[PDB]
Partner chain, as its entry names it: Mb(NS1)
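There is one chain below, alone, in structure tokens, taken in the form solved without the partner chain.
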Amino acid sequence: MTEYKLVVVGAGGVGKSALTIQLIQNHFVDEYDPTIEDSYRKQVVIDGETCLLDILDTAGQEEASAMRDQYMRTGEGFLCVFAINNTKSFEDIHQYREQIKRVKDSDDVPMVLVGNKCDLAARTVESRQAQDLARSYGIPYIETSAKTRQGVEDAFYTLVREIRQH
């Protein structure tokens, strides 16, 4: 069993915890309880190989913004999450991308761009704009709903494949 250290990052309220708990427990969390730092483990077979995912669920609130280096050092791959109905969270993505690159001192960190809350009709970030950003980073873009499970396994397991091929 190979172990993979995944880290979920992004602005406050975009659904990082809801995405993670949907993956881990098949349950959608309605409450908005801001995270400080949580960790989860999941044994899962991906492309025929069993592995153990360690998932770090991080704080999006700006009051925690000085505490990120410590978890970026340990992570092997990063889900970079914004919400498709919150333009500011999309604009916050590049700050996370740049900090990860600085901390890991690398241009080539496994990442996936995730546009969450795709169950909501009132979209303000168009898929094309997010896809353009993902291409500029060399990473895939996956739209997800923590509420319906759409795309959730695809987002996390695509990140595992990126770490595996790194």
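Residue numbers count along the first chain shown, from 1.
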Requested in this report: Tell me which of 122-130 and 108-116 has the higher mean C-alpha B-factor in the deposited entry.
Outcome: 122-130
Query raised in the report: Should the higher mean CA B-factor in the entry be assigned to 30-38 or to 63-71?
Result: 63-71
Report summary line: Tertile call for residue 103 (CA temperature factor, within chain, third-based) is the highest
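The same protein has a further form, the form deposited with the partner chain bound, not shown here; the description that follows concerns it.
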Requested in this report: Classify residue 118 as contacting or not contacting the partner chain in the entry with it bound by the rule of any non-hydrogen atom within 4.5 angstroms, answering yes or no.
Outcome: yes
Query raised in the report: Who in 148-166 is close to the partner chain in the entry with it bound, meaning a heavy atom within 4.5 Å?
Result: 150, 151, 154, 158, 162, 165
